[PDB]
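Input: a single structure, listed below in structure tokens.
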Amino acid sequence: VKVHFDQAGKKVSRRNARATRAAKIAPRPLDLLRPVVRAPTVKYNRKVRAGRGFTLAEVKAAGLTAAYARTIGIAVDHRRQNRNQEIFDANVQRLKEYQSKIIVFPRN
Amino acid sequence: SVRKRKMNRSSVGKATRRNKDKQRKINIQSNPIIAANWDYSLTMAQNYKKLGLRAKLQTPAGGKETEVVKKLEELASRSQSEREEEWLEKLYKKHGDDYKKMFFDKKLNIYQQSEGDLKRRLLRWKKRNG
Amino acid sequence: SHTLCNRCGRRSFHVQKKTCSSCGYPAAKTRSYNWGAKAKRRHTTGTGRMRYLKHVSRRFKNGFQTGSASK
Amino acid sequence: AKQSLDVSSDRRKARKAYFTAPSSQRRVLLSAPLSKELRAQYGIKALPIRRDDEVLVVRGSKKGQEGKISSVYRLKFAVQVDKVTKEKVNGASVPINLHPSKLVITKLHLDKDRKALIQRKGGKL
RNA sequence: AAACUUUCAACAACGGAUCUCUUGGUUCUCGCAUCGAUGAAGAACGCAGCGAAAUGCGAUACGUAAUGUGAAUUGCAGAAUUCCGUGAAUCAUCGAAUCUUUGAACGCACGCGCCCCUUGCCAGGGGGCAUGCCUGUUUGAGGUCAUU
RNA sequence: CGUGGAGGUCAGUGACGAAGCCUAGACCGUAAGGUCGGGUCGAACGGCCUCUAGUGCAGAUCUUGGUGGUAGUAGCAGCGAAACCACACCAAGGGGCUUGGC
RNA sequence: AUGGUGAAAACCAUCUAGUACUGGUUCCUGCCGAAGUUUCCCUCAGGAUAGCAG
RNA sequence: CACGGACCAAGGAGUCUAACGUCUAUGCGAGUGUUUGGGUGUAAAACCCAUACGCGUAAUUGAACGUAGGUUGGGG
RNA sequence: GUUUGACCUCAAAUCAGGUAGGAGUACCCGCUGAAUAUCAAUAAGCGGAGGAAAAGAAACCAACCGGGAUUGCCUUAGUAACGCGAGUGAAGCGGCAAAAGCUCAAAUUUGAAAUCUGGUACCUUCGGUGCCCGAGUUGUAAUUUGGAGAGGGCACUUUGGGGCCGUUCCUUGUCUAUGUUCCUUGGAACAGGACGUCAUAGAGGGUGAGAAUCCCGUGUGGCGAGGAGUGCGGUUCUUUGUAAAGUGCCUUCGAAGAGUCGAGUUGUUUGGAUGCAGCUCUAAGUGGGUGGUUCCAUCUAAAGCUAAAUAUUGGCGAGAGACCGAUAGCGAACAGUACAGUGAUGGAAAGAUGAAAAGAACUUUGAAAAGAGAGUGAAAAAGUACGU
Ligand SMILES: [Zn+2]
């Protein structure tokens, strides 16, 4: 029999871990940009949700490479295919907005 | 436990470590601009909003540019070896700008570089020297 | 029947069997069982002097530093 | 109210620490306030007491008595004052144990370490 | 009647029941990973001036080496201290030493051998010689190939 | 009705004495109990609305601790138990209340 | 049952707070308050139904 | 009859948990449940909810032709 | 050669440089395992690790307009399914926490085994260099791990190492406010009243009884001393070598884990019919595995590494409780100690004096118990058999 007395403690620990990540990862938003996804199981197909990472085709259409995209905070998933023009266009637009909003400091 | 009682009874003394307060406090250690403007009184999300930055890219769960200008301004803040230079000069003297003739030089073009590479290297040498 | 045991001195060293029923002498492993919760406590670590284990915690707190104070 | 998360207000823990505090900590524990005349002079409220320090009695049956200290019983958390002694039935004289917190220092004993401590604590000499 | 059986007020004994408290136990929450052949846990013998338990220590033995505090320790005797000072505490920290015999226990065993060396036939003095396996160096033996 | 603890309130009670205990003292209530008079005691406790439970004993051949008869007896001038312990001579009527007596 | 002990039939620590009828079941007061049976699941076992009292 | 009772101080027993129900009370109401979590915070306290989820909201294919029914009683 | 060499194999050395046992064990992994269905992949036993372990980037889930590492929670759900009887009992999708991808085998560096272990002397010493020794060719480095990838040509793009101070973290010392004023009582004022002061400090403890202002402490900041590191901002020396990568285009090529998958049978587990396991046989490369009405949907097994959210009655160190209060709470507040047992094992009882010992000086009766005076003490109706 396990009782979740630590629920508040677990939440506090998670918040502290997030704050530590922010301190180490201050400039970046702690999250990788995810694509929009349409679910299977028609009971849920109407719902659109975030995916793991953008497909290689979407990354190519976004004007950047997967290797470079990862270093800028874009999740890349080579397992997902593309079979919907609307979803592909939405992902491309999201990637373009991300590229137009990101600021990258010089390596010098 | 037996060991705990022995340690409490032992005269060695506990190795006391007080760090509970340090868990709440975390100092920024990845940017000099944020550190000057970051306020530890506010939370991560509040600090990001104050600085004018996004702390989450996906729709966050549950209910919810005076500084970015400095970051944008922060964005505004190779040659040839001596032996390579000598090799380029030798070929330039022997063939001038005749890239096709230079390509077939068996005893000066020791490495069979392409016409494009040869012309690019010669242009770089000319720009650097003349 | 029994006699003093060098490893433990519990006077449980069988003369005929030449073994100690308490600590398992001369077996390399020390005899112990889960069902013997009281037996484990009687011989659990910390009941002795702990000549070396005592200072391990203190040494770790300093990162196992070496040398001397700079005064 | 206490705000630090590293400090505990538990009565049991504080009581255990006080009784088990080592002599080094007991030295800080056995502090005694300085006289108002001395406070203006040195600009300090209290300092650790020692043998040659002269102290005045402000509480207890011996109120108004003063004398040079002779021993600091750190084990018993008590200090002894010269001429402040009890008279047993057999005639033997035993110094009365007094707490430094109930006494006021009238004349400090000055050494190099005491002088350094006075400067460290914002005092003057 | 006295004596003696019995009910009760007071006085005099048991025991710590009631009341008050605790350097305790139990439960909840949080940070970290920290035993050992460079010898773990555990057991035996000794060490404080005086010593039952606890703690500490190992013939450098309730400690030795180093830094901080600055005038003690205390049940008794005893020490001093130049205490305006590289300096006492059974203080704190603790990175340097010592670390008795056993114990994974490690020379061979179920008493008892060998290398070493030394300061004086012979000996004091000092460290090692256990089994499984990995890399490298040394020696020895035996199948293939070569031997005009 | 009463008790351990908690939220609230009495700008409560208390070294000029809180709690507990004793008391051939009294008051209140049908009662669980509360209150006051006197003695020991010493430092915490209570009037009231709620919440909370390891909350109320007459026995369970009940547990711990304590003390009696047995008994100054069996027994080994002195030392000294154990078993047992709801309670203590008979006639009739009725298992040891009715009427009577050695 | 598991793991051990000694001895040329037992004992030790856990599963086990097991396998159900003997015994006990703690404060006060007020009001209401029966039954020992119908008979269906036939019957030993008991369930559901029927009556009394809310 | 019997079972226990030599006496006394302390200790001692329908308590907790998960599912399924009746009744009572509160909130909302064809909607309901903040607290698995996220934000926030005087910090296990206190205050809010984006997306999903359980329940019900309707089924012998589908129910407005009418009080989503005439008549007779029926608190009022 | 009626010999002398290359290896390969096998032994030894008080050889040089190394590691292994065992302890602890709450959690982790594997094996085994009771009291035909049920207690049960439990109890007990053995072996192997850490602060977490395992698993982990699909021969996956699904049949959808598809999702895309593993892990934990709610939901799915007490449903599907089974034993249809008592009963056991999933998983996708959905929401949440945290997200990171990679490394070998496979096709020639052959225009240079370019690789690496060890010895030696130095330096800037968790390592680097010159030389030597040995391993390696029965394959040590770079280049490729299906997202493909590789040899070339065409316009282009890019680049690292070591010190110093700061920065951050760990250890650790120190500075940082206010009455002990008056009156009453008391043995002691920390009790009541009056007068005052600080409060980013009225949390807590000690001081002869309930203390913010007596002390230690607490709130906020400052000043230090010893270690870690490159998470990064300056500071300083270096690069280089016809060196290594990336972008778009054209061109020529373009490998994939066998006693393994699979079927048979026998033991075993599952509520799953799957998986696990002895053994006969043993598969193919536009091949193979998983699912359904002619097949269509999705991956590429037979190798391995990888932080995170996940468990935690052991260890160290901390913050707390509507918890218990010496017959309670751990058996132990003063113990795994005394004690009993040849043994494995069992296993207790015991807290408080008094402000401080001021612990009854001294007289006096007793071989000895302790008495009577006497006094200390707030009280001896507190005399070490001591809070009541
Ligand atoms: Zn033994």
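Chain labels A, B, ... are given in the sequence in which chains occur in the structure tokens; within each chain residues are numbered consecutively from 1, and ligands are likewise numbered from 1 in the order shown.
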Selection within 7 Å of ligand 1 by only C-alpha atoms (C1' of nucleotides) and all ligand atoms, output as an mmCIF file with C-alpha atoms, in the first residue's frame:
data_model
loop_
_atom_site.group_PDB
_atom_site.id
_atom_site.type_symbol
_atom_site.label_atom_id
_atom_site.label_comp_id
_atom_site.auth_asym_id
_atom_site.auth_seq_id
_atom_site.Cartn_x
_atom_site.Cartn_y
_atom_site.Cartn_z
ATOM 1 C CA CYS C 5 35.539 -19.406 17.856
ATOM 2 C CA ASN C 6 38.419 -17.220 16.693
ATOM 3 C CA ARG C 7 36.287 -15.166 14.296
ATOM 4 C CA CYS C 8 33.494 -14.387 16.781
ATOM 5 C CA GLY C 9 34.302 -15.963 20.151
ATOM 6 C CA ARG C 10 30.652 -16.947 20.635
ATOM 7 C CA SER C 12 29.663 -22.066 19.244
ATOM 8 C CA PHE C 13 32.528 -23.820 17.411
ATOM 9 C CA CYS C 20 30.783 -22.491 14.038
ATOM 10 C CA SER C 21 26.986 -22.489 13.859
ATOM 11 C CA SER C 22 26.735 -18.746 14.566
ATOM 12 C CA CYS C 23 29.133 -17.047 12.134
ATOM 13 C CA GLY C 24 29.666 -20.003 9.786
ATOM 14 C CA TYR C 25 33.379 -20.391 10.497
#
Item checked: Contact residues around residue E:55 with only C-alpha atoms (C1' of nucleotides) at 10 Å, ignoring same-chain residues under 4 positions, as a ChimeraX atom specification -> /B:6,9-12 /C:49 /E:62
Note to self: Distance limit 10 Å, atoms considered: only C-alpha atoms (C1' of nucleotides). Which chain A residues sit that close to chain I? Return them as a ChimeraX atom specification.
What the structure shows: /A:11,14,23-25,31-32,37-47,51-53,55-56,64-68,70,75,77-87
Margin query: Show me, as a ChimeraX atom specification, the residues that have an atom within 8 Å of stretch 134-137 of chain E when counting only C-alpha atoms (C1' of nucleotides), minus same-chain residues fewer than 3 positions from it.
Written below: /I:15-19,117-118,134
Written selection (N, CA and C atoms (P, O5', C5', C4', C3', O3' and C1' of nucleotides)) as a PDB file, in the first residue's frame:
ATOM      1  P     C I  15      57.153 -13.448  -7.656  1.00  0.00           P
ATOM      2  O5'   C I  15      57.926 -12.333  -8.492  1.00  0.00           O
ATOM      3  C5'   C I  15      59.340 -12.368  -8.631  1.00  0.00           C
ATOM      4  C4'   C I  15      59.811 -11.507  -9.776  1.00  0.00           C
ATOM      5  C3'   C I  15      59.016 -10.234 -10.026  1.00  0.00           C
ATOM      6  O3'   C I  15      59.375  -9.173  -9.156  1.00  0.00           O
ATOM      7  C1'   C I  15      59.342 -11.363 -12.070  1.00  0.00           C
ATOM      8  P     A I  16      58.245  -8.200  -8.560  1.00  0.00           P
ATOM      9  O5'   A I  16      57.898  -7.221  -9.770  1.00  0.00           O
ATOM     10  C5'   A I  16      58.817  -6.221 -10.182  1.00  0.00           C
ATOM     11  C4'   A I  16      58.269  -5.395 -11.319  1.00  0.00           C
ATOM     12  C3'   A I  16      56.848  -4.879 -11.149  1.00  0.00           C
ATOM     13  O3'   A I  16      56.761  -3.724 -10.333  1.00  0.00           O
ATOM     14  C1'   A I  16      57.074  -5.833 -13.290  1.00  0.00           C
ATOM     15  P     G I  17      55.415  -3.427  -9.508  1.00  0.00           P
ATOM     16  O5'   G I  17      54.334  -3.110 -10.636  1.00  0.00           O
ATOM     17  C5'   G I  17      54.478  -1.976 -11.478  1.00  0.00           C
ATOM     18  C4'   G I  17      53.359  -1.875 -12.484  1.00  0.00           C
ATOM     19  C3'   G I  17      51.946  -1.982 -11.933  1.00  0.00           C
ATOM     20  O3'   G I  17      51.484  -0.787 -11.331  1.00  0.00           O
ATOM     21  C1'   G I  17      52.139  -3.338 -13.854  1.00  0.00           C
ATOM     22  P     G I  18      50.231  -0.837 -10.327  1.00  0.00           P
ATOM     23  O5'   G I  18      49.173  -1.742 -11.101  1.00  0.00           O
ATOM     24  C5'   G I  18      48.038  -2.280 -10.440  1.00  0.00           C
ATOM     25  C4'   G I  18      47.080  -2.901 -11.426  1.00  0.00           C
ATOM     26  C3'   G I  18      45.849  -3.569 -10.836  1.00  0.00           C
ATOM     27  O3'   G I  18      44.828  -2.646 -10.495  1.00  0.00           O
ATOM     28  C1'   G I  18      46.821  -4.999 -12.442  1.00  0.00           C
ATOM     29  P     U I  19      44.135  -2.698  -9.045  1.00  0.00           P
ATOM     30  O5'   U I  19      42.958  -3.757  -9.219  1.00  0.00           O
ATOM     31  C5'   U I  19      41.896  -3.516 -10.129  1.00  0.00           C
ATOM     32  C4'   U I  19      41.260  -4.801 -10.595  1.00  0.00           C
ATOM     33  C3'   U I  19      40.574  -5.637  -9.525  1.00  0.00           C
ATOM     34  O3'   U I  19      39.269  -5.177  -9.218  1.00  0.00           O
ATOM     35  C1'   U I  19      41.945  -7.030 -10.853  1.00  0.00           C
ATOM     36  P     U I 117      47.607   3.291 -25.740  1.00  0.00           P
ATOM     37  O5'   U I 117      48.174   1.945 -25.103  1.00  0.00           O
ATOM     38  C5'   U I 117      47.350   1.120 -24.292  1.00  0.00           C
ATOM     39  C4'   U I 117      48.096  -0.083 -23.768  1.00  0.00           C
ATOM     40  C3'   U I 117      49.332   0.205 -22.927  1.00  0.00           C
ATOM     41  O3'   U I 117      49.031   0.532 -21.581  1.00  0.00           O
ATOM     42  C1'   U I 117      49.841  -1.456 -24.527  1.00  0.00           C
ATOM     43  P     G I 118      49.945   1.585 -20.781  1.00  0.00           P
ATOM     44  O5'   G I 118      51.354   0.855 -20.642  1.00  0.00           O
ATOM     45  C5'   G I 118      51.520  -0.257 -19.772  1.00  0.00           C
ATOM     46  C4'   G I 118      52.877  -0.894 -19.943  1.00  0.00           C
ATOM     47  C3'   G I 118      54.077  -0.001 -19.657  1.00  0.00           C
ATOM     48  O3'   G I 118      54.390   0.080 -18.277  1.00  0.00           O
ATOM     49  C1'   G I 118      54.399  -1.117 -21.716  1.00  0.00           C
ATOM     50  P     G I 134      60.507  -6.532 -29.803  1.00  0.00           P
ATOM     51  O5'   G I 134      58.969  -6.812 -29.495  1.00  0.00           O
ATOM     52  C5'   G I 134      58.591  -7.755 -28.504  1.00  0.00           C
ATOM     53  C4'   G I 134      57.186  -7.516 -28.008  1.00  0.00           C
ATOM     54  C3'   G I 134      56.072  -7.667 -29.030  1.00  0.00           C
ATOM     55  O3'   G I 134      55.715  -9.018 -29.263  1.00  0.00           O
ATOM     56  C1'   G I 134      55.732  -5.693 -27.773  1.00  0.00           C
TER      57        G I 134
END
Note to self: Show me, as number ranges by chain, the residues of chain E whose atoms get within 7 Å of chain D, using only C-alpha atoms (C1' of nucleotides) for the distance check.
What the structure shows: E: 23, 70, 84, 91-92
Margin query: Using only C-alpha atoms and a distance of at most 10 Å, pull out the residues of chain B that contact chain C, as an MDAnalysis selection string.
Written below: chainID B and resid 1:7 10 12:17
Kindly save the residues from that selection, with N, CA and C atoms included, as a compact mmCIF listing (two decimals), in the first residue's frame.
# COMPACT_ATOMS: atom_id res chain seq x y z
N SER B 1 17.87 2.41 13.59
CA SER B 1 18.82 1.32 13.24
C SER B 1 20.01 1.31 14.20
N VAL B 2 20.72 0.19 14.24
CA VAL B 2 21.86 0.06 15.14
C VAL B 2 22.95 1.07 14.78
N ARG B 3 23.25 1.20 13.49
CA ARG B 3 24.32 2.10 13.08
C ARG B 3 24.00 3.55 13.43
N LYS B 4 22.74 3.95 13.25
CA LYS B 4 22.35 5.32 13.59
C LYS B 4 22.54 5.60 15.08
N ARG B 5 22.13 4.65 15.93
CA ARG B 5 22.31 4.83 17.36
C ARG B 5 23.79 4.88 17.73
N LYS B 6 24.61 4.03 17.11
CA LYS B 6 26.04 4.05 17.37
C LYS B 6 26.65 5.39 16.97
N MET B 7 26.26 5.92 15.81
CA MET B 7 26.78 7.21 15.37
C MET B 7 26.35 8.32 16.32
N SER B 10 28.44 7.92 19.34
CA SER B 10 29.86 8.12 19.11
C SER B 10 30.23 9.59 19.26
N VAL B 12 32.54 11.05 17.48
CA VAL B 12 33.08 11.58 16.24
C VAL B 12 32.30 12.81 15.80
N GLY B 13 30.98 12.75 15.88
CA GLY B 13 30.15 13.87 15.51
C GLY B 13 29.62 13.73 14.09
N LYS B 14 28.42 14.28 13.87
CA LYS B 14 27.79 14.21 12.57
C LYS B 14 28.44 15.18 11.59
N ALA B 15 28.46 14.79 10.31
CA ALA B 15 28.98 15.64 9.25
C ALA B 15 27.84 16.51 8.70
N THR B 16 27.47 17.50 9.50
CA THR B 16 26.28 18.30 9.21
C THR B 16 26.43 19.04 7.89
N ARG B 17 25.36 19.02 7.09
CA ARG B 17 25.31 19.74 5.82
C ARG B 17 23.97 20.44 5.73
Margin query: Can you measure atom CA of residue D:66 to atom CA of residue D:42 for me? One decimal in Å is fine.
Written below: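 For atom CA of residue D:66 relative to atom CA of residue D:42, the distance reads 20.6 Å.
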Enumerate the residues of chain D with a DSSP assignment of strand (DSSP E), computed from the backbone, and present them as a short mmCIF file (atom, residue, chain, number, x, y, z; two decimals) with N, CA, C and O atoms, in the first residue's frame.
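Produced file states_26.cif, reproduced below:
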data_model
loop_
_atom_site.label_atom_id
_atom_site.label_comp_id
_atom_site.auth_asym_id
_atom_site.auth_seq_id
_atom_site.Cartn_x
_atom_site.Cartn_y
_atom_site.Cartn_z
N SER D 31 28.08 34.11 27.24
CA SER D 31 28.29 35.54 27.05
C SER D 31 27.66 36.33 28.19
O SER D 31 26.73 35.86 28.86
N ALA D 32 28.17 37.54 28.41
CA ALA D 32 27.69 38.40 29.48
C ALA D 32 27.62 39.83 28.95
O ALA D 32 28.59 40.31 28.33
N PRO D 33 26.52 40.55 29.17
CA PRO D 33 26.43 41.93 28.69
C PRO D 33 27.40 42.84 29.41
O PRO D 33 27.73 42.64 30.58
N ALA D 46 27.93 43.03 24.22
CA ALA D 46 28.38 41.92 25.04
C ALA D 46 29.60 41.27 24.41
O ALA D 46 29.82 41.38 23.20
N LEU D 47 30.39 40.60 25.24
CA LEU D 47 31.57 39.88 24.81
C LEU D 47 31.72 38.63 25.66
O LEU D 47 31.22 38.57 26.79
N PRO D 48 32.39 37.60 25.14
CA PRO D 48 32.65 36.41 25.96
C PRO D 48 33.45 36.76 27.21
O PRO D 48 34.34 37.61 27.18
N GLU D 54 36.14 41.39 35.31
CA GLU D 54 35.43 41.81 36.51
C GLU D 54 33.96 42.00 36.17
O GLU D 54 33.63 42.69 35.20
N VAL D 55 33.08 41.39 36.96
CA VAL D 55 31.65 41.36 36.67
C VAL D 55 30.87 41.80 37.90
O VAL D 55 31.34 41.71 39.04
N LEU D 56 29.65 42.28 37.65
CA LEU D 56 28.74 42.73 38.69
C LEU D 56 27.50 41.86 38.69
O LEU D 56 27.05 41.39 37.64
N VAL D 57 26.95 41.64 39.88
CA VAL D 57 25.76 40.80 40.04
C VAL D 57 24.53 41.69 39.96
O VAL D 57 24.41 42.68 40.68
N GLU D 66 30.05 42.46 43.57
CA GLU D 66 30.96 42.50 42.44
C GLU D 66 32.31 41.93 42.87
O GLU D 66 32.66 41.94 44.06
N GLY D 67 33.05 41.44 41.89
CA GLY D 67 34.36 40.88 42.16
C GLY D 67 34.95 40.30 40.90
O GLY D 67 34.27 40.16 39.87
N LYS D 68 36.23 39.97 40.98
CA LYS D 68 36.94 39.38 39.85
C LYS D 68 36.57 37.91 39.69
O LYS D 68 36.50 37.16 40.67
N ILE D 69 36.32 37.51 38.45
CA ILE D 69 35.99 36.11 38.17
C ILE D 69 37.23 35.25 38.36
O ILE D 69 38.37 35.69 38.14
N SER D 70 37.01 34.01 38.80
CA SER D 70 38.10 33.07 39.05
C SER D 70 38.02 31.80 38.22
O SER D 70 39.06 31.15 38.04
N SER D 71 36.85 31.43 37.71
CA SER D 71 36.72 30.22 36.92
C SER D 71 35.44 30.30 36.09
O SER D 71 34.45 30.89 36.52
N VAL D 72 35.49 29.71 34.90
CA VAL D 72 34.35 29.64 34.00
C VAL D 72 33.98 28.17 33.86
O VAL D 72 34.59 27.44 33.07
N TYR D 73 32.99 27.72 34.63
CA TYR D 73 32.56 26.32 34.62
C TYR D 73 31.71 26.10 33.38
O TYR D 73 30.48 26.18 33.42
N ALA D 78 28.17 27.63 34.35
CA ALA D 78 28.24 28.61 35.43
C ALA D 78 29.64 29.20 35.53
O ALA D 78 30.62 28.60 35.09
N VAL D 79 29.71 30.40 36.10
CA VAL D 79 30.97 31.09 36.34
C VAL D 79 31.03 31.49 37.81
O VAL D 79 30.00 31.64 38.47
N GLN D 80 32.25 31.66 38.30
CA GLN D 80 32.50 31.98 39.70
C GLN D 80 33.09 33.39 39.81
O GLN D 80 33.88 33.81 38.96
N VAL D 81 32.69 34.10 40.86
CA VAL D 81 33.13 35.47 41.11
C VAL D 81 33.85 35.50 42.45
O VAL D 81 33.34 34.99 43.45
N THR D 85 31.05 33.73 47.77
CA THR D 85 31.20 32.35 48.21
C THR D 85 30.16 32.05 49.28
O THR D 85 29.65 32.95 49.95
N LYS D 86 29.85 30.77 49.43
CA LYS D 86 28.92 30.28 50.44
C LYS D 86 29.68 29.82 51.67
O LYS D 86 30.87 29.50 51.61
N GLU D 87 28.98 29.80 52.80
CA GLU D 87 29.55 29.40 54.09
C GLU D 87 28.84 28.14 54.56
O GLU D 87 27.67 28.20 54.95
N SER D 93 34.47 27.09 52.61
CA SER D 93 33.93 28.09 51.69
C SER D 93 33.91 27.51 50.28
O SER D 93 34.93 27.04 49.78
N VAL D 94 32.74 27.56 49.65
CA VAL D 94 32.53 27.04 48.31
C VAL D 94 31.99 28.18 47.45
O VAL D 94 30.99 28.79 47.81
N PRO D 95 32.63 28.50 46.32
CA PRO D 95 32.10 29.57 45.47
C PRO D 95 30.70 29.24 44.96
O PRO D 95 30.39 28.10 44.63
N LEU D 103 24.85 38.65 34.92
CA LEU D 103 25.91 39.50 35.45
C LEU D 103 26.33 40.51 34.39
O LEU D 103 26.17 40.27 33.18
N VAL D 104 26.86 41.64 34.85
CA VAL D 104 27.29 42.73 33.98
C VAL D 104 28.79 42.94 34.19
O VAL D 104 29.24 43.10 35.33
N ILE D 105 29.54 42.93 33.10
CA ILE D 105 30.99 43.09 33.17
C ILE D 105 31.31 44.56 33.45
O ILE D 105 30.81 45.46 32.76
N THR D 106 32.14 44.80 34.46
CA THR D 106 32.53 46.14 34.84
C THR D 106 33.94 46.52 34.39
O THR D 106 34.22 47.70 34.19
N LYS D 107 34.82 45.54 34.21
CA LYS D 107 36.19 45.81 33.77
C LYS D 107 36.69 44.58 33.03
O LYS D 107 36.86 43.52 33.63
#
Next item on the list: Using only C-alpha atoms (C1' of nucleotides), select each residue of chain B with any atom at most 10 Å away from an atom of chain I, and give the selection as a ChimeraX atom specification.
Entry: /B:1-4,14-20,26-33,61,78-88,111,113-116,118,121
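Atom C1' of residue I:221 lies 27.7 Å from atom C1' of residue I:179.
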Margin query: Please find the residues of chain B near chain A - the criterion being any atom within 10 Å, counting only C-alpha atoms - and write them as number ranges by chain.
Written below: B: 23-31, 33-35, 38, 43-45, 48, 53-59, 68, 71-77
Residues from last step as file, C-alpha atoms, as a PDB file, in the first residue's frame:
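And here is the file that came out, again24.pdb:
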ATOM      1  CA  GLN B  23      17.615  24.270  -3.378  1.00  0.00           C
ATOM      2  CA  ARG B  24      15.220  27.206  -3.762  1.00  0.00           C
ATOM      3  CA  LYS B  25      17.943  29.608  -4.936  1.00  0.00           C
ATOM      4  CA  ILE B  26      19.469  28.988  -8.373  1.00  0.00           C
ATOM      5  CA  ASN B  27      21.774  31.528 -10.024  1.00  0.00           C
ATOM      6  CA  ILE B  28      21.771  31.962 -13.793  1.00  0.00           C
ATOM      7  CA  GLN B  29      25.001  30.538 -15.207  1.00  0.00           C
ATOM      8  CA  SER B  30      24.525  30.590 -18.994  1.00  0.00           C
ATOM      9  CA  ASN B  31      24.140  34.270 -19.970  1.00  0.00           C
ATOM     10  CA  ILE B  33      22.663  39.720 -20.074  1.00  0.00           C
ATOM     11  CA  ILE B  34      19.973  37.657 -18.335  1.00  0.00           C
ATOM     12  CA  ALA B  35      21.847  37.686 -15.020  1.00  0.00           C
ATOM     13  CA  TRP B  38      16.919  38.426 -14.084  1.00  0.00           C
ATOM     14  CA  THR B  43       9.349  32.732 -10.981  1.00  0.00           C
ATOM     15  CA  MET B  44      10.821  31.241 -14.149  1.00  0.00           C
ATOM     16  CA  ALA B  45       7.723  32.040 -16.209  1.00  0.00           C
ATOM     17  CA  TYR B  48      10.857  35.113 -18.872  1.00  0.00           C
ATOM     18  CA  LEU B  53      11.049  35.594 -23.767  1.00  0.00           C
ATOM     19  CA  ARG B  54       9.000  32.416 -24.085  1.00  0.00           C
ATOM     20  CA  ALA B  55       9.412  29.772 -21.380  1.00  0.00           C
ATOM     21  CA  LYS B  56       7.302  27.183 -23.240  1.00  0.00           C
ATOM     22  CA  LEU B  57       6.814  26.395 -26.931  1.00  0.00           C
ATOM     23  CA  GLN B  58       3.895  23.965 -26.561  1.00  0.00           C
ATOM     24  CA  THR B  59       0.489  24.793 -25.101  1.00  0.00           C
ATOM     25  CA  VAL B  68      15.497  41.695 -26.315  1.00  0.00           C
ATOM     26  CA  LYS B  71      20.235  40.385 -27.349  1.00  0.00           C
ATOM     27  CA  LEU B  72      19.741  41.457 -30.971  1.00  0.00           C
ATOM     28  CA  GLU B  73      22.583  43.975 -30.685  1.00  0.00           C
ATOM     29  CA  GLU B  74      24.792  41.208 -29.281  1.00  0.00           C
ATOM     30  CA  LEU B  75      24.533  39.567 -32.714  1.00  0.00           C
ATOM     31  CA  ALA B  76      26.453  42.526 -34.191  1.00  0.00           C
ATOM     32  CA  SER B  77      29.395  42.182 -31.776  1.00  0.00           C
TER      33      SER B  77
END
Margin query: Please compute the atom CA of residue B:125-atom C1' of residue I:239 distance, one decimal, in Å.
Written below: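 Separation between atom CA of residue B:125 and atom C1' of residue I:239: 19.1 Å.
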Item checked: Contact residues around residue G:37 with only C-alpha atoms (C1' of nucleotides) at 10 Å, ignoring same-chain residues under 2 positions, as a list in words ->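 So, after excluding close chain neighbours, the residues are residues 35, 39, 50 and 51 of chain G.
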Next item on the list: Tell me, as a count of residues only, which residues lie within 12 Å of residue F:49, counting only C-alpha atoms (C1' of nucleotides); anything in the same chain fewer than 3 positions away does not count.
Entry: 3
